[PDB]
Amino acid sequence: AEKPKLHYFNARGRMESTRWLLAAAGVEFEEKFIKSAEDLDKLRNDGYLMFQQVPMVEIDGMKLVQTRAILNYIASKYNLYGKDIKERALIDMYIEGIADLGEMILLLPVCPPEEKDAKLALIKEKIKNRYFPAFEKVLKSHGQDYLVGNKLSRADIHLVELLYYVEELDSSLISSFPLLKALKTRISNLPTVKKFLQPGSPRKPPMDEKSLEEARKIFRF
């Protein structure tokens, strides 16, 4: 087809950021949910997954796997990856920091109960003292509406997406970072993003106990 088919579990997981990028880009996509391990095996046996895993994203005739390979293609294809090689360097540096913090928040649900309070406290300390300050500082420096090159880029989409997850964790964290708050509002008002934020869009809900059990069953983790 002409629409990108995203293959994954019906959840946030590792496919969510791809969803935010496609939507922010204004691209319509289909989602082929993996309901059972039989489904995942069918794909593996069909030879659609190079490294046996998902996310997988049928786009432009390719069966792309590995989150970063997917995001990189999409971001490039829709002019969300900066203008030159030097801009892409700043974007990559910002979004890999975002991806680091985000990987911590993502694994929190499957964190050992005895650790959960410490991991959560570690994460709040990195947000307050390391990442938010860094990004606030970038916005404060050029005083422009966007993080890189005074134009919308994947850096803004990925950052704002993280700002929502952090809000769900503790709304007070962003309070001392006015420029980040501003960016959150600003990007949230873009017609494409605003539509993704509304009810009924393919945006996914935070994971709970019920869905986590179904997932670690199929994927086994």
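When you see a residue number, it is the position in the sequence shown, counting from 1. We call the rigid core whatever largest set of C-alpha positions still superposes within 1.5 Å between the two forms.
Q: Between 109-117 and 91-99, which has its CA atoms farther from the current form in 5 other deposited structures of this protein, using a rigid core superposition?
A: When 109-117 and 91-99 are compared in 5 other deposited structures of this protein, the bigger C-alpha shift is seen for 109-117.
Q: Name the higher of the two by mean Cα B-factor in the PDB entry, 34-42 versus 159-167.
A: Of 159-167 and 34-42, the stretch with the higher C-alpha B-factor average is 34-42.
Q: May I ask you to compare 9-17 and 206-214 by their mean CA B factor in the entry and name the higher one?
A: Looking at the recorded C-alpha B-factors, 206-214 comes out higher on average.
Q: Specify which of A75, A134, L147, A118 carries the largest Cα B factor in the deposited PDB entry.
A: Out of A75, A134, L147, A118, the record gives the largest C-alpha B-factor to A118.
Q: Which has the highest CA B-factor per the PDB entry: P55, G26, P191, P178?
A: The C-alpha B-factor peaks, among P55, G26, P191, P178, at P178.
Q: Per the entry's values, where does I123 land by CA temperature factor relative to the rest of its chain, in the lowest, middle or highest third?
A: As the PDB entry reports it, the C-alpha B-factor of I123 lands in the middle third of its chain.
Q: Just say lowest, middle or highest third for the CA B-factor of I174 relative to the other modelled residues in its chain.
A: Highest third - that is where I174 ends up once the chain's C-alpha B-factors are sorted.
Q: Taking the C-alpha B-factors as the PDB entry records them, is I98 in the lowest, middle or highest third of its chain?
A: Bottom third by C-alpha B-factor.
Q: Once the chain's modelled residues are ordered by C-alpha B factor and cut into thirds, is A89 in the lowest, middle or highest one?
A: Bottom third by C-alpha B-factor.
Q: Sorting the chain's CA B-factors, does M104 end up in the lowest, middle or highest third?
A: Answer is middle: the recorded C-alpha B-factor places it there.
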